[PDB]
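Chemist: partial complex follows, first chain(s) only, in situ:
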Amino acid sequence: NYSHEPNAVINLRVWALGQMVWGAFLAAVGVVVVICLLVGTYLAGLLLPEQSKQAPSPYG
Amino acid sequence: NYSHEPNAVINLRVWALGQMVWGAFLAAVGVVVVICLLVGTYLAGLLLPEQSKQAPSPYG
Amino acid sequence: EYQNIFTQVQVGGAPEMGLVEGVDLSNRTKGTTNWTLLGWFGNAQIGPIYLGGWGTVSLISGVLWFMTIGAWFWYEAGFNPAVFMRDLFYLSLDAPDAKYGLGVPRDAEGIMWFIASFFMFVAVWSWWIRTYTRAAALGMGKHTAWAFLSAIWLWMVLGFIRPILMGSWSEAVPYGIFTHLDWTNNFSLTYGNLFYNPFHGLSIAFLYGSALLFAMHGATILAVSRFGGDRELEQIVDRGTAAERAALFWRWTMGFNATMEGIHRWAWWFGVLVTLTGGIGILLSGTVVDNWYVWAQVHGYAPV
Amino acid sequence: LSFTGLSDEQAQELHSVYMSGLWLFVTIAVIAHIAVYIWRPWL
Amino acid sequence: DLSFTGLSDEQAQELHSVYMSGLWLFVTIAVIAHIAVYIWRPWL
Amino acid sequence: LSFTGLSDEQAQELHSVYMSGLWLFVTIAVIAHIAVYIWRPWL
Amino acid sequence: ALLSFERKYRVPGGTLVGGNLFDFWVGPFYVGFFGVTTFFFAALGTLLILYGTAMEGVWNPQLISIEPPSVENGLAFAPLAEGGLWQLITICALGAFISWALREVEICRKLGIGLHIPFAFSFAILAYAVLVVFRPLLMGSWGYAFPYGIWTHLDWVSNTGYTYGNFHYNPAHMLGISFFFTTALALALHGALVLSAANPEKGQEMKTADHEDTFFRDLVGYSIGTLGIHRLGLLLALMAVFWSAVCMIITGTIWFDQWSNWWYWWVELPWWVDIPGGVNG
C-alpha cells in the first residue's frame, strides 16, 4: 500500500535514478578499495627504516 | 516488462532513495533561488554610483 | 481565482436616494450621478448629499480659511502667477511672532493666521456636530463623532491648547505644505528626540496597528466574501460560515479570535488612540518635559 | 497500535532498509571527516 | 482505566520501554562526548 | 464534584505519580545545588 | 479547546507540504510543517537575543540591543559577539515570517477561504527585507541595517533620516505617510459606522447597510459600499508599505544628498527661475 506511486513517469524516474546510483556506488567502492590499498602501502612504508627512502636511483 | 524488479527489498530501497533525493532537490532549488536573489542584488548594486558605498554609518 | 479586487460586472438602477428616518428631506438633494471608474472599485453612485445648517457653517468658514491662505500666498508671491505656481509648496502663512505672546498679533501675517485659525475652528466643530446629528437623525450610534473627537483633540492640542499653556501662538502650526513639515522637525529637535516620547511611541504603535488591522480585516472579508462576509450586520445577528471561518483562521493562527462585531470594536480604538496618545505626548512636550532623551536616561529606556 | 496503517512486518522491512542507508551515510561521513582531519584538523 | 489517549497499561508499558531505550542511548552518547570534551578542554 | 471528569481514585493515582516525578526533579536539583555550593558558593 | 463550531472544520487536508505528518493541532493552534519551522526559528532567535544581552550584561528589556556588524565588516559574516548574533537572528526572523505566511496559506485552504491575508503579510516581509537584506547589499554592507532593540532602531531611524536632511521631503515617504493616515482614518470610520448601526440609540431597532450608505452619502456625498471599504483599506495599507519600501531602497543607492534639493527642479525650470518674487527670488 505504501510505496505505491500512481504515476507512470515518477515510477520510471525513481527506477532509473536507482540504476545510475547503483553503478556510481560500484565505481566508488572500487576507487575506495584502490585508495585504501595504495595508502596502506605508503603507511606501512612509513614503518620502514630510513634507508628505504635513501636508495640510489637506477635512472629509470 | 523492463523496470520490473523481482526483489521486495530492492524495490523498497530505490523508492526511499527517490523520496529522499526529491526532498533534497526541493531544498537545493530553494537555496539556489535565494542565492540568485542576493547575488543579483549585489550585482545590480555594482551598477550604482560610487556614493552608494560611501554613505556614512548610522552606528546601528 | 477571482480575488474580488475589481468588480467584473456592473449593474445599476434608479438611484438610491435615501432612507427617511427623521432626516429633513428638503435639506437633501435629489441629483445623483454614475461614474463607472469607481464602480470598478466601489459603488458608482455619487449620491445625494445633505445640505444642512451645520454643513453650511462648515463650508463657508472653511472656504474662507482656504481662500485666506491663498490670499496671503499671493501677497507673498508678488501677485505673479508663475511665482505662485513655483513657490506654491514653499509658501506659508507662518505663525505669529513670539513677541506678541498670546495677544492678538500686531502684524498682517499674524492676524491672517489668527483669523484663518478661527475659521478652521468653526469649520471643524461644525462638522463634528454634523456627524453627531446625521447619526442621531438616522437613529444610529454616535461612534463616528467620538472617533472624530479624537482627531479634534490632537488638532486642538497643536493649535490652541499647547500654546496657551506655553504662552505663545508661535508654537502653533504654520499653514503650508513644507512649513508644517519643518515645524514637526523643529519640534522634535527642540524637544530632545521625540521618539523618546513614550506617547509618541504609542501613537505610532497604534498607527501601525491600524494598518495591520485594516489589512487583516479587509483581506479576511474579501477571503470570506464568497460566503457573503461582506454583509456583516447580518452575520452579527445571523451567523454563518463566513464569520466562523474567519474566527477559526485567526484562532488556528494566533490562538485568539474575534467576532463580526468585536473586530469593529478593535478598529474604533486603534484608530482613536493614534490621536489620543499623540495629543497627550504633545501637551507634555515643553510643559512637563523640555527634553525627552534625558527623561529616558533618567527613566531607564535610554542609556547614560 | 498502528497509527499509520503499517504492521510489524512492513515496519521491520522498512527499518532494515532505512538503517542500511543510515550506516552507509555514517560510513561515508566518517571517511570524509577523517580525510578532513588530515587536511585541516580541528582538535 | 483512565486513558485520554486510548492506550491501556499494556501498550503504554511497551511504548515506554522502547522510548526509554532510546533515551538511555541518547544519554550514553552525550555522556561519552562530555567526558571527551572534558579531557580536551575542561569547563570546571 | 469534578470539573474534569476524574474520580477520587484516578486523581489519587495520578497524584502519586506526579509526586514521584516531582520528588525526582527536586532530588536531582538538590544534588546539583549542593555540588555548586561546594564549587562556587553564592552565600 | 474547541469552539461550539470548530469541529466540522477540523478536517484533514489543505497542506502545501507534509501530509498526515504534522496535520494536527496543539491547543487552539494549527501546526504543520511550517508551524514547526516558525516555532523553531522564533525560539532560536529569541534565545539568541537573550544570550546576546547576557553576554553584554544588560537585562533591561528596553536597553537590550543586538546591533549589526560594523559597516567596515562589509557583507561578510562576523563573530557572534560583533554581528553574528544579529545575522543569525535575522535569518531566523525571516524564516519565521515566511513560515507564518505559509502556515496561513495551509489554513486558508483548509478553511476554504482566499489567500488575501498572506499576500498582505508578504508586503511587510518585503519591507523588512528591504531594510535588512536588499538595501545593504546594494549599499555594500550589512551594517546599514537596523538593530534589534526597542529604543535603538529609533536611533537608527533618526540618524539614517538626518543623513539626508529632513526625510520628509522624500516623495515616496510622503505617499507612505498619506496612505497610513488615510488607513487609520478609514479604519476608525468603518468601525464607528458598523458599531453605530448595530448599537444604535436606545429604544431603536438594529440598522442595515442601507443606513450606512445613506449616512455617508449625507455626510460627504459618496459611499464606497460594504465591500469597497475593505478593498480600500487593504489597498491603502499595501500601497503605503509599497511606497515605504520604495522610499528606502532609493535613499542611499540612487539618492545621496539632502532630499530638499530634489524639489528644486520645479523652481529651476527656466521660465520662472530668474523671476524675482516669492521664496526663491
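Modeler: Received the coordinates, thanks. Numbers count the residues shown, from 1 in each chain, chains lettered A, B, ... in the order given.
Chemist: in this structure residue G:244 contacts residue G:174, no?
Modeler: No. Using Cβ atoms under 8 Å as the test, residue G:244 is too far from residue G:174 to be in contact (10.8 Å). Any C-beta I mention is one placed from the backbone N, CA and C, and that applies to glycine too.
Chemist: comparing the two, which residue is more hemmed in?
Modeler: Shown here are residue G:244 and residue G:174; by other Cβ atoms under 10 Å in any protein chain shown, residue G:244 has more neighbours (23 against 15).
Chemist: state the distance from that one to chain C.
Modeler: Plainly put, residue G:244 is 10 Å away from chain C if you go by Cβ to the nearest Cβ, to the nearest Å.
Chemist: then residue A:59?
Modeler: Noted for residue A:59: a distance of 79 Å to chain C, by Cβ to the nearest Cβ.
Chemist: for residue 52, the count of nearby residues, please.
Modeler: All of this is about chain A. Residue A:52, neighbours per other Cβ under 10 Å, totals 10.
Chemist: my bad, the chain I had in mind was chain G
Modeler: Neighbour tally, residue G:52, other Cβ under 10 Å: 22.
Chemist: against which helices or strands is the one helix or strand it maps to packed?
Modeler: Using DSSP states H and E, residue G:52 sits in helix G:33-56. Other helices and strands packing on helix G:33-56, by 3 or more Cβ pairs under 8 Å, 6 or more residues apart in numbering or on different chains; DSSP states H and E, are helix G:84-110.
Chemist: after the helix it packs on comes which helix or strand?
Modeler: From helix G:84-110 onward toward the C-terminus, using DSSP H and E, the following helix or strand is helix G:116-129.
Chemist: that following helix near chain C at all?
Modeler: Yes. Contact of helix G:116-129 with chain C (Cβ under 8 Å from any Cβ of the partner chain) involves G:116-117, G:119-120.
Chemist: tell me the buried residues in that helix?
Modeler: Going by neighbour count (16 or more other Cβ atoms under 10 Å in any protein chain shown), the buried part of helix G:116-129 is G:116-121, G:123-129.
Chemist: throw chain H on there as well:
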Amino acid sequence: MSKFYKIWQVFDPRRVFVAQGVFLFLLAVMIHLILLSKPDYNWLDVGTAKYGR
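Modeler: Chain H goes in next, on the same frame as the chains above:
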C-alpha cells in the same frame, strides 16, 4: 495537604503538564543566562581562567 490530588478534579493534566514544562524550561534558561552574564559564575570564563586558557 491530604487532598491535593483533588486539584486534578479541577484542572486537566494535559494543560497543566505542558504549562509547567514550558515554565520550568524557561525558568532554567533564564537562571542559566543570569549566571552566564555574571562573570563570577560564568563557568566557561572560570574554567578558562582556572585552567589558564
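Chemist: ok chain H is in now, so what about what packs on helix G:33-56?
Modeler: Counting by 3+ Cβ pairs under 8 Å, 6+ apart, helix G:33-56 packs on helix G:84-110, helix H:13-37.
Chemist: kindly reformat the ones you listed as CSV containing distance to residue C:234.
Modeler: Output for those, formatted as CSV (distance: least, Cβ to Cβ, whole Å):
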stretch, distance to residue C:234
helix G:84-110, 23
helix H:13-37, 37
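Chemist: which one of the ones you listed is the most hemmed in?
Modeler: Comparing the helices and strands packed on helix G:33-56 by mean neighbour count (mean count of other Cβ atoms under 10 Å in any protein chain shown), helix G:84-110 ranks first with a mean of 20.
Chemist: ok, residue C:160 to residue C:285 distance?
Modeler: Computed as Cβ to Cβ, to the nearest Å, the residue C:160 to residue C:285 distance reads 15 Å.
Chemist: nearest to chain G within chain D, name that residue for me.
Modeler: Per Cβ to the nearest Cβ, residue D:4 is where chain D lies closest to chain G, at 7.3 Å.
Chemist: which parts of chain H sit against chain E?
Modeler: Residues of chain H lying near chain E (Cβ under 8 Å from any Cβ): H:13-14, H:43-44, H:46-47, H:51, H:53.
Chemist: which non-adjacent residue is nearest whatever residue of chain D ends up closest to chain H?
Modeler: The minimum distance from chain D to chain H, using Cβ to the nearest Cβ, falls at residue D:43 (14.6 Å). Excluding its sequence neighbours, the residue lying closest to residue D:43 (Cβ to Cβ, 6 or more residues apart in numbering or on different chains) is residue E:40, at 6.3 Å.
Chemist: isn't that neighbour right up against residue E:33?
Modeler: No. Between residue E:40 and residue E:33 there is no contact under Cβ under 8 Å: 10.5 Å.
Chemist: so residue G:25: helix, strand or coil?
Modeler: Here residue G:25 is recorded as strand under DSSP: H, G, I helix; E, B strand; the rest coil.
Chemist: against residue G:99, how distant is it?
Modeler: 17 Å.
Chemist: same structure, new chain, call it chain I:
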Amino acid sequence: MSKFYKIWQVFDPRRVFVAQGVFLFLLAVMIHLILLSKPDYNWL
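Modeler: So that you can see how it sits with the rest, here is chain I on the chains above:
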C-alpha cells in the same frame, strides 16, 4: 533498541524520508557555509 521499527507505525514513511532529505541537505549547506566563512577552513 530492537523495537525502534515501531516509529513507522507512528509517522508516514514517505513524508519522513522527504523531510530527512531536506533536513540533511540543509544541514550540509549550513556547515559548508559555516566553514566557508572561515579563511582557515575555506578551500576556494
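Chemist: take what packs on helix G:33-56 again, chain I included.
Modeler: If you count contacts as 3+ Cβ pairs under 8 Å, 6+ apart, helix G:33-56 packs onto helix G:84-110, helix H:13-37.
Chemist: report how many residues lie close to residue 38.
Modeler: In the absence of a named chain, this looks at chain A. Here the count is done by other Cβ under 10 Å, and residue A:38 has 10 residues near it.
Chemist: I was thinking of chain D, sorry if that wasn't clear
Modeler: Close neighbours of residue D:38, defined as other Cβ under 10 Å, add up to 8.
Chemist: and the residue of chain D that's closest to chain I?
Modeler: Nearest to chain I in chain D, going by Cβ to the nearest Cβ, is residue D:15, at a distance of 3.9 Å.
Chemist: whoops, chain A was the one
Modeler: Proximity of chain A to chain I (Cβ to the nearest Cβ) peaks at residue A:2, 6.3 Å away.
Chemist: my read: that residue touches residue D:6, true?
Modeler: Yes. The criterion here is Cβ under 8 Å, and residue A:2 meets it with residue D:6 at 6.8 Å.
Chemist: shared neighbours, those two?
Modeler: Taking Cβ atoms under 8 Å, 6 or more residues apart in numbering or on different chains as the criterion, residue A:2 and residue D:6 both touch residue I:13.
Chemist: which one's more surrounded, the two?
Modeler: The neighbour comparison of residue A:2 against residue D:6 (other Cβ under 10 Å) goes to residue D:6, with 22 against 14.
Chemist: list the residues that contact the more buried one.
Modeler: A:2, D:14, I:8-9, I:13.
Chemist: buried subset of the residues you listed, written for PyMOL?
Modeler: Selection command for PyMOL covering only the buried members of those, criterion 16+ other Cβ under 10 Å:
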select buried, (chain D and resi 14) or (chain I and resi 8+9+13)
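Chemist: can you tell me which of the contacts of residue D:6 lies nearest to residue A:17?
Modeler: residue I:13 (18.3 Å; Cβ to Cβ).
Chemist: I figured residue G:175 hits residue G:243, correct?
Modeler: Yes. Counting by Cβ under 8 Å, residue G:243 is a contact partner of residue G:175 at 4.2 Å.
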